[PDB]
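Structure record follows, encoded as structure tokens.
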Amino acid sequence: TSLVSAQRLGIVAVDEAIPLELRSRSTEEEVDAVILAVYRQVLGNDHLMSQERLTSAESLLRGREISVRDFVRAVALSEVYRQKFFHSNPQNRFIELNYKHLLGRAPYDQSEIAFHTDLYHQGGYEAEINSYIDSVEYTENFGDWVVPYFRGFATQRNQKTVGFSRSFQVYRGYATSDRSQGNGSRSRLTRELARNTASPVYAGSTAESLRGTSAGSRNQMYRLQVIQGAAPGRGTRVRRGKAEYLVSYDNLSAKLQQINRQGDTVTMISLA
Amino acid sequence: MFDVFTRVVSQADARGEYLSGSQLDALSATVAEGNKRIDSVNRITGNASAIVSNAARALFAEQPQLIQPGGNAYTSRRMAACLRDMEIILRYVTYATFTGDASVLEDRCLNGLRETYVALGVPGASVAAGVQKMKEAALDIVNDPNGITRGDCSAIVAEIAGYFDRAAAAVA
Amino acid sequence: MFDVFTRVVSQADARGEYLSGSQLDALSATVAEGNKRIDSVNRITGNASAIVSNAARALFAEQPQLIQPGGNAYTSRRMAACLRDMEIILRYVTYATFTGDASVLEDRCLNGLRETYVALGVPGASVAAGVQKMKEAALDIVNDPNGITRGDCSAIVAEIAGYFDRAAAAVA
Amino acid sequence: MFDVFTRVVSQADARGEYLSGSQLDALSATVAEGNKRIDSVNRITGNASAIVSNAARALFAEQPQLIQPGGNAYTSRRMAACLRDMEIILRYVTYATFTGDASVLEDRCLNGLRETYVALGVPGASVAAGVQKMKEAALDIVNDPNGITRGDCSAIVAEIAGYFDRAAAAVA
Amino acid sequence: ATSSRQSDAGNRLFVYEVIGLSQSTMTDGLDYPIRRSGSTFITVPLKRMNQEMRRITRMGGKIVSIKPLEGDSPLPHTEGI
Amino acid sequence: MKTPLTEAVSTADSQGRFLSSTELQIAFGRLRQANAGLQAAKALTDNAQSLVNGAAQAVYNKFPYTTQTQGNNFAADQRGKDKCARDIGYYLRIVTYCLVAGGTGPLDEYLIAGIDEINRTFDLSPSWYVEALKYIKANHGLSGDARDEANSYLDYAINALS
Amino acid sequence: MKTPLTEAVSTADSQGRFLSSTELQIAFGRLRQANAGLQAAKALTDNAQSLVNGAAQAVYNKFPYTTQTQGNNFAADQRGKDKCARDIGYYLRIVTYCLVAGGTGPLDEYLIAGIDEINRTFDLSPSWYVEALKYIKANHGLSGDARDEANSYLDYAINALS
Amino acid sequence: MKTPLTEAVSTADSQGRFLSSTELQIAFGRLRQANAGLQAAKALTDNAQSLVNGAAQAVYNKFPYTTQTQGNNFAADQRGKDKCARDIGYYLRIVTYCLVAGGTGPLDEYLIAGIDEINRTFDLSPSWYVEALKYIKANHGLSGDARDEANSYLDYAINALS
Amino acid sequence: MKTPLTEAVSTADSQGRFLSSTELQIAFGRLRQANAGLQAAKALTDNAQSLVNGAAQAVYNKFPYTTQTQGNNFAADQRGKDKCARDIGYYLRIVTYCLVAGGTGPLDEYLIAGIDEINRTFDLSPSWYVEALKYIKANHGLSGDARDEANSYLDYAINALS
Ligand SMILES: *[C@H](C)[C@H]1/C(=C/c2[nH]c(/C=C3N=C(/C=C4\NC(=O)C(CC)=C4C)C(C)=C\3CCC(=O)O)c(CCC(=O)O)c2C)NC(=O)[C@@H]1C
Ligand SMILES: *[C@H](C)[C@H]1/C(=C/c2[nH]c(/C=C3N=C(/C=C4\NC(=O)C(CC)=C4C)C(C)=C\3CCC(=O)O)c(CCC(=O)O)c2C)NC(=O)[C@@H]1C
Ligand SMILES: *[C@H](C)[C@H]1/C(=C/c2[nH]c(/C=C3N=C(/C=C4\NC(=O)C(CC)=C4C)C(C)=C\3CCC(=O)O)c(CCC(=O)O)c2C)NC(=O)[C@@H]1C
Ligand SMILES: *[C@H](C)[C@H]1/C(=C/c2[nH]c(/C=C3N=C(/C=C4\NC(=O)C(CC)=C4C)C(C)=C\3CCC(=O)O)c(CCC(=O)O)c2C)NC(=O)[C@@H]1C
Ligand SMILES: *[C@H](C)[C@H]1/C(=C/c2[nH]c(/C=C3N=C(/C=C4\NC(=O)C(CC)=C4C)C(C)=C\3CCC(=O)O)c(CCC(=O)O)c2C)NC(=O)[C@@H]1C
Ligand SMILES: CCC1=C(C)/C(=C/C2=NC(=C\c3[nH]c(/C=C4\NC(=O)[C@H](C)[C@H]4CC)c(C)c3CCC(=O)O)/C(CCC(=O)O)=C2C)NC1=O
Ligand SMILES: CCC1=C(C)/C(=C/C2=NC(=C\c3[nH]c(/C=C4\NC(=O)[C@H](C)[C@H]4CC)c(C)c3CCC(=O)O)/C(CCC(=O)O)=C2C)NC1=O
Ligand SMILES: CCC1=C(C)/C(=C/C2=NC(=C\c3[nH]c(/C=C4\NC(=O)[C@H](C)[C@H]4CC)c(C)c3CCC(=O)O)/C(CCC(=O)O)=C2C)NC1=O
Ligand SMILES: CCC1=C(C)/C(=C/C2=NC(=C\c3[nH]c(/C=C4\NC(=O)[C@H](C)[C@H]4CC)c(C)c3CCC(=O)O)/C(CCC(=O)O)=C2C)NC1=O
Ligand SMILES: CCC1=C(C)/C(=C/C2=NC(=C\c3[nH]c(/C=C4\NC(=O)[C@H](C)[C@H]4CC)c(C)c3CCC(=O)O)/C(CCC(=O)O)=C2C)NC1=O
């Protein structure tokens, strides 16, 4: 995207990112840069120690025996990827992680998730990982020699418009990763991917709201995406099923009590 | 995604019985309207670039703040993306006209377009105005009786207009 | 992921203290019951398809609303999804029995499964009823006295029932 | 790939009969050799870094033209790759010792290593000499008299020496 | 799309030699420039052979020779050195 | 769910271009097939109960062990017979949906995908459904374009099961 | 290239499946459009030299600066007019090729893909070719089924250049 | 070819590290179970012909329709009975291979992978092979650690076919 | 953390399949090793303070320059000796955790991964910790399977540091 949009959305560095291509007869610096870019993007900007750095497939690239795609496949098929993204994660989260790392994309629809879940159940993790690298989208986007990169913030030929809004729910920032505490993360897309809708983006400076004199003692606002239903008491007429609440710190516990007493479910709470 | 046949197939399979005779007669009427539908798709496809260029010219004529330095349509990248957005919206309107169902238009183009345009800074009212201008351009080239055999075409024109206000209501 | 040993290791390392004698003795008792644990894992693995098919037959016998067109388990694709969900839940219950800790079953299978079933429209109550009847069948085949040496097995049966109960409770 | 069991399994399936009595007796003989095999694997794994370092040191002592400014093992990068290659050869010989069949050693490490070394300009004779030095260190640490219960362990030592001999023959 | 996968024998490696990789409406989809069209050597396992053949075929590449390796390692490729 | 209009729009979106005369030709073929498809779906709708009962009876005639041997997967009792009649009604109903739609997309989304673990899990032999679909071949009474369009969907489910 | 038969086979290969009745409907639409496309291509072949000369004259009338201003990209000399007639001959021949094929495949393979580098590198204004294709739209002489197929390709290259 | 030694080496190769004591314990379990696997394979080799003939007779008893109904997939003739005996011999031989190996790797590489295409293309009901494996599970006569290993491969092929 | 049970579950989960006899043998070897490993961890827990103090003293004997030469990374003052005793206590505690878990997973996920950056950044020589682990190999006082499993963990951290 352009400068004014990406400055608000915090995706400036993704837009000024050049796809690294390992040309033939490349210098050791170029092979090292390709290996580092693969470890940053395929392993999701994790702090990768040298004890799990996969020296064999690194030498196979240095050797030019495998292509960049092979290296990406080798990295995604390794136990570093299994420990970081597969074993402690649920299937929805793991499929989203595969899309973000291997294809540089958010998933578009629920039948893609169903296809990848069915392929996992029919052929194992290795088969599932291969699905992404040996896809038409990977070959077209990166092919054999280009390091994969995030393409969800740009206009793609076969892409869904909801993919751009879901890319912010998948890509949290430049100085972020896909590791959580205990290495078990829940998916942020299961509410919308199953229902074929979108959420507001609210990424970085987009999430902010005007405070004024309404912010309370702490000059900060809290942003609540809540799915609202009809109250059993029917005291107040509910006008929309999905509702936005901007509430202060001094009323945040009270507002959570209000939403919980109304039976409404909280889907998102952020700063504003 | 669905078309006019697979949509009725979808809720017939959801309620789990065969299609009624009224549904088959309605689909036969859709098949009868199909030649007019293909004519409408052909003419909007044939004048798509003229529609996009004229609608962009008019939209940035009565909204001069968008092309103005600092505006959303200012800079070659943002203007190229805006003309591309108009072309894609027209493309998915032709897709939904072709299928007879707005499943492709809602599911792959209009889903998340309001949230995308809020995130980017794209004014949805201006895009809705451009989509409206594309609606009168497409309905004037569809309802042009020159170079085509005459007939009643109010149903396909109403369907194209419904897809166009569907596109206009999904950005603002 | 964690098993019965590495959960103890992680809990000790968070405090940074060596293992006590009684906690090592509890691990030794776990090692002594490990043979019975492997036997129960082997029995549920060898009767996995029978357990899944019989519990599916019972579940769709008592709940015809999943059978009728429009039901979540209607359509070969969705019924295959229900069957793989049953084999998946049985597989992760056997993994949790094998490890001695429910870390793989909670983190890998049941994490976000309730909101997934809510968002897809999967009735989690019916899946929980299927999990309960898989529990009843699997505890029948584990507690079968034929073809095995005699012994008290109430601890590993209670552990398997706990994994099945936390599988049914994390779904509905 | 194959181990001591699945190689006989694959040969018996390719000939299409059951395993004979002599094949099961030889497999039982390797089962009796298994504890010796696990001890050999454990010792080689426990002293692998010392084996690689001492063999590389003696290799560069005997052939100083390798680490000379302009030699193949000159420049941290290439020397580090040479130490890495020593680790890969020793690791796959340890794998072949563990399985009881060398199929992992050729099919994952030795197939095409000679053509790779003559493509890179790597002198395969020096690599074979380093593999010989690793072999000598490995059979001195496996056949160490003290620190383990005594036994006639000549068969596993001869099999390890055969693995190192085919590792040296596949680079020279 | 194969029964070879989830098998040790499906890790048998081969080398495809393909020629004639050029831009075409089938190649118009690609987002990256292709730099060589003379003789491209790709190492492919047995399980992945169906995918590779279709991919090479879809782009219009012509397969000239497929060399077996009798190994899981891509070491006898020796083309990029 | 594939259909001439739907995959025409899907592939035109795959190259990301407007609907050229290729897709218009696809829609013209859909229009010339669709009247015969709707007539075939109507005829199968009126004859559906007799066709399903006759197909179930033909399966019971060629496979009498289904009506004799005890088992959950067999039609020896009334429960298995209602399950078999419901299955044949499903096969005929998604065949009529394919005649309405103009492609094998309803078979793909509703019937073909996952039917192999359906048959493996519940011990159902696919040859029973093959014989039922061949009865629907032999006794639907259509002629002309409606017969050949219906027989495409029948034989597609035949080739998936066998 | 973009042709209903080749796109149908490419789609069925993309799902890796046999040709269902959907592809048969695609070929039915190709067959019913193909005779009209062939007679349209025959009429354009028979009127090709007159149409090319008239389109060149229409461009020289609407854009007279290409006739008097000196330059390699202009038609000031006989060489520039020969290149302009050759360009319009290529345009008309590819339009006949698209009429024969039944899709914009010849336009994509031969003309549409890469024409932007032609117009930028050799300083050719695309509006000249757009007005030439408007002349071909105005005076090809076809009627009904034939002209709507030919105007699809003429508008396809007009919308690509603009 | 999954096997404790082969998965130990494949996994440690996937991390690319030397064989820690985890792999040594994998080998210790393999070596303690390997003896019982070897006499289980020896006993099944000794009883192979009787087990294959009894399993074929048990399949023909539970499924008599294979013996009177004609067809390629059925065992009405001597060719079908020879094919069924060869199939059951293949199943028992690969179970002995799994007993020798110590895992379901021989079953995975030789029998389990692609068996759905066998049972679908050649119209072979997998319940026949399931009941053959149940006869081998009921009349092999092993005990102790040998029977627990041998039944585990028999139910695994049963679980794969059902 | 890697462990025979966790790696068995991880391999079966990545294969998407139930626990066959291979993983059961892996657990059998874990059960064979586990009592000796737990008793070895108990003995090292009982002798931990003597082993840590003796290892710090042995490092001060073989590397005396850490005791006289001033610096943040050395043990010249009481703070450096306390940090060295803390480091050796960490090494022995993670060794006891490896003996409890029955694999090098506590060493990998607690100590081995990233230790080169700690040694390079804080200017700690890995030879000091190697000599401390050699002292622990010298005087842990275990016998049989207890000393074999412990010295594997001791050498695993030795090979990772050297
Ligand atoms: C050190 C003074 C404190 C500390 C740090 C600590 N950080 C992490 C993990 C991560 N840190 C980052 C940050 C970045 N990654 C980047 O690429 C960039 C440049 C844009 C930044 C700023 C990230 C992404 C991670 C997670 C991924 C990874 O580990 O690589 C940890 C690890 C936490 C864990 O449990 O795994 C730690 C410990 N911790 C402290 O106590 C100090 C106050
Ligand atoms: C002048 C040399 C000749 C000329 C020019 C002319 N230009 C336009 C229209 C547009 N020009 C631009 C260019 C830019 N917009 C940008 O944001 C930037 C970067 C800062 C550039 C370079 C754009 C976007 C338009 C269209 C949108 C708009 O109207 O602003 C026109 C009008 C075209 C129309 O159809 O309305 C004209 C006439 N015309 C000449 O004859 C000169 C020789
Ligand atoms: C009839 C030809 C023979 C027969 C049939 C029989 N079928 C079942 C059970 C099931 N059949 C299906 C099939 C479908 N479900 C679908 O949603 C669709 C697409 C719309 C199809 C084709 C399914 C899912 C089941 C199982 C779930 C259920 O019970 O509904 C049975 C019962 C098996 C059991 O164990 O309970 C039977 C008996 N049996 C015969 O003998 C005939 C020759
Ligand atoms: C059967 C008892 C019930 C039932 C099930 C049902 N489930 C789904 C869909 C999904 N189930 C999962 C769960 C998992 N897949 C995995 O791989 C793992 C870990 C290995 C888990 C925990 C997922 C992720 C999905 C979505 C992906 C997919 O669709 O396959 C459905 C499909 C619903 C739909 O049509 O979208 C169904 C029907 N349904 C019932 O009615 C029974 C109570
Ligand atoms: C000097 C400050 C201290 C010292 C040094 C010492 N170094 C080595 C051995 C090696 N040094 C290198 C370094 C390089 N090799 C390169 O190609 C390059 C880039 C051009 C560098 C920087 C290497 C590779 C070795 C080992 C191979 C070899 O012997 O050449 C030793 C010998 C170690 C041994 O075990 O044989 C020594 C002693 N030692 C000191 O005490 C000084 C304080
Ligand atoms: C599958 C397991 C595997 C193997 C077996 C392997 C071997 C291997 N060794 C290589 C290089 C190398 N190997 C050496 C080794 C040496 N030079 C000497 O003089 C000594 C005789 C010897 C060490 C004793 C050197 C110097 C290079 C670098 C060649 C160069 O870059 O010029 C390369 C080229 C890529 C790289 O530089 O890392 C490969 C692929 N890589 C793998 O992944
Ligand atoms: C599913 C099909 C599809 C749609 C619908 C789509 C929309 C879309 N429009 C975008 C941008 C944009 N769209 C516009 C459009 C306009 N600005 C204006 O002032 C006008 C009112 C208007 C034109 C009429 C602009 C200016 C941008 C760029 C914003 C920026 O980078 O700063 C972007 C951001 C990524 C990019 O720049 O490519 C997307 C994804 N993309 C798609 O793939
Ligand atoms: C591949 C390119 C191609 C196309 C697109 C095409 C369309 C097409 N449109 C038709 C009819 C028609 N088209 C229209 C359309 C209209 N009538 C009007 O006065 C309105 C201005 C307008 C609505 C936009 C009508 C009314 C008919 C006759 C009714 C019908 O056939 O459905 C016919 C029937 C044959 C004929 O009478 O001309 C065809 C074949 N044929 C081709 O070969
Ligand atoms: C690789 C396949 C394989 C397996 C799975 C296996 C399991 C196995 N289970 C055992 C014991 C046992 N298994 C049980 C289990 C039970 N007792 C009961 O009455 C309950 C019905 C049931 C709980 C499900 C008991 C009580 C023991 C003896 C106590 C013990 O050894 O832990 C033993 C000890 C040897 C013996 O006495 O038989 C083994 C080896 N051995 C193998 O080779
Ligand atoms: C998990 C780590 C671990 C390992 C690796 C292990 C190995 C191991 N090696 C053994 C025996 C043995 N190991 C050897 C080996 C040798 N004898 C020699 O003099 C040669 C120098 C050398 C060949 C390298 C012999 C001869 C035996 C006794 C015979 C046998 O048990 O097979 C035994 C039997 C118990 C004993 O007597 O010590 C075990 C358990 N136990 C463990 O807990």
Side-chain angles (χ1 to χ4, degrees), chain A residues 19-26 30-43 53-81 98 101-104 125-149, chain D residues 88 107-109 111-112 116 119, chain E residues 5 10-18 21 32 34-36 40-56 59 61 66-67 69 71-81, chain H residues 13-14 16:
Chain A
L20 260 178
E21 183 186 6
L22 187 67
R23 316 279 302 271
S24 288
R25 298 183 166 172
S26 44
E30 296 157 285
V31 185
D32 278 11
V34 164
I35 289 170
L36 184 66
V38 167
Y39 282 146
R40 182 185 168 85
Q41 204 260 337
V42 182
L43 294 182
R53 208 186 162 87
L54 296 188
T55 71
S56 194
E58 278 179 339
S59 65
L60 285 180
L61 272 189
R62 206 158 297 270
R64 307 304 303 258
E65 284 88 29
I66 66 174
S67 64
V68 162
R69 188 164 63 105
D70 296 331
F71 185 64
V72 167
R73 186 192 313 271
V75 168
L77 277 175
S78 63
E79 296 278 351
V80 191
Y81 202 98
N98 293 333
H101 300 155
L102 312 167
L103 297 192
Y125 163 101
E126 189 171 44
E128 218 276 337
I129 282 303
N130 285 331
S131 62
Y132 297 87
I133 294 92
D134 299 313
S135 57
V136 179
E137 173 183 344
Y138 193 92
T139 61
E140 304 196 331
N141 294 128
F142 320 115
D144 267 329
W145 301 107
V146 179
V147 181
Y149 61 97
Chain D
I88 305 196
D107 304 358
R108 284 145 164 251
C109 192
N111 191 43
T116 311
Chain E
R5 65 183 180 179
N11 318 322
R12 186 49 83 221
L13 260 66
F14 295 83
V15 162
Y16 279 71
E17 181 206 334
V18 292
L21 277 296
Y32 56 92
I34 62 170
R35 321 293 216 161
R36 312 177 65 71
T40 300
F41 287 89
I42 309 184
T43 188
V44 180
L46 182 62
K47 48 177 186 286
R48 231 186 291 152
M49 277 186 90
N50 282 357
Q51 294 90 320
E52 294 312 340
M53 186 177 185
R54 311 219 199 293
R55 163 186 163 279
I56 300 173
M59 279 182 297
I66 295 144
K67 182 175 73 175
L69 269 66
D72 211 353
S73 84
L75 288 183
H77 185 45
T78 75
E79 295 289 334
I81 303 166
Chain H
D13 198 8
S14 66

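Atoms considered below: every heavy atom in the structure, side chains included; atoms not considered: hydrogens, waters and symmetry mates. A note on names: the letters A, B, ... follow the listed sequences, proteins ahead of strands, and every chain is numbered from 1.
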Working to the nearest 0.5 angstrom, can you tell me the gap between [X] [atom1] and [Y] [atom2]?
X        : Y        : atom1 : atom2 : value
A:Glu21  : A:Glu30  : CD    : CD    : 10.5 Å
E:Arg36  : A:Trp145 : CZ    : CH2   : 9.5 Å
E:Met59  : E:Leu21  : CE    : CG    : 6.0 Å
A:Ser135 : A:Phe142 : OG    : CZ    : 9.0 Å
E:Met49  : E:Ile56  : CE    : CD1   : 9.0 Å
A:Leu60  : E:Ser73  : CG    : OG    : 7.5 Å

**OP:** Go through the steps to decide whether D:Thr116 and E:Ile81 satisfy the test side chain to side chain contact (heavy atoms under 4.5 Å, CB included), and finish with yes or no.
**Re:** CA-CA 8 Å; D:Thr116 311; E:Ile81 303 166; 4.3 Å; yes
Decide yes or no for [X] and [Y]: does some side-chain heavy atom of the first lie under 4.5 Å from some side-chain heavy atom of the second?
X        : Y        : result
A:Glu65  : E:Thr43  : no
A:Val75  : A:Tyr39  : yes
E:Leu75  : D:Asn111 : no
A:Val147 : A:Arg40  : no
D:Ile88  : D:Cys109 : yes
E:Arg12  : E:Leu69  : no
A:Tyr81  : A:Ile129 : yes
D:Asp107 : E:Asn11  : no

Subject >> Stepwise side chain to side chain contact (heavy atoms under 4.5 Å, CB included) test for A:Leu102 and A:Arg73 >> reply: CA-CA 9 Å; A:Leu102 312 167; A:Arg73 186 192 313 271; over 6 Å; no
Please report the shortest heavy-atom distance between [X] and [Y], naming the atom on each side.
X        : Y       : answer
A:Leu20  : A:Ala37 : CD1-CB, 3.9 Å
E:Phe14  : E:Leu46 : CE1-CD1, 4.0 Å
A:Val146 : A:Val68 : O-CG1, 3.6 Å
E:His77  : E:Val15 : ND1-CG2, 3.8 Å
A:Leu54  : A:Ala74 : CD1-O, 4.0 Å
E:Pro74  : E:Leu13 : N-CD2, 3.6 Å

**OP:** Could you walk me through whether A:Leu22 and A:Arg64 pass the side chain to side chain contact (heavy atoms under 4.5 Å, CB included) test, one step at a time?
**Re:** CA-CA 10 Å; A:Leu22 187 67; A:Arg64 307 304 303 258; 3.8 Å; yes
Subject >> Salt-bridge contact A:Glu58-A:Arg53 (side-chain N to carboxylate O under 4.0 Å) >> reply: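 Judged by the 4.0 Å cut-off on N to carboxylate O distance, A:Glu58 and A:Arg53 do form a salt bridge.
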Could you check whether [Y] and [X], counting side-chain N and O atoms only, form a donor-acceptor pair closer than 3.5 Å?
X        : Y        : result
A:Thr139 : A:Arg69  : no
A:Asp144 : E:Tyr32  : no
E:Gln51  : A:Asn130 : no

**OP:** Keeping the roles fixed (side chain from A:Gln41, backbone from A:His101), state whether a donor-acceptor pair exists under 3.5 Å.
**Re:** yes
**OP:** May I have the step-by-step check of side chain to side chain contact (heavy atoms under 4.5 Å, CB included) for A:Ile133 and E:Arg48, ending in yes or no?
**Re:** CA-CA 11 Å; A:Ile133 294 92; E:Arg48 231 186 291 152; over 6 Å; no
**OP:** Evaluate whether atom CE of E:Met53 has more than 12 neighbouring non-hydrogen atoms of other residues, nucleotides or ligands under 6.0 angstrom away.
**Re:** no
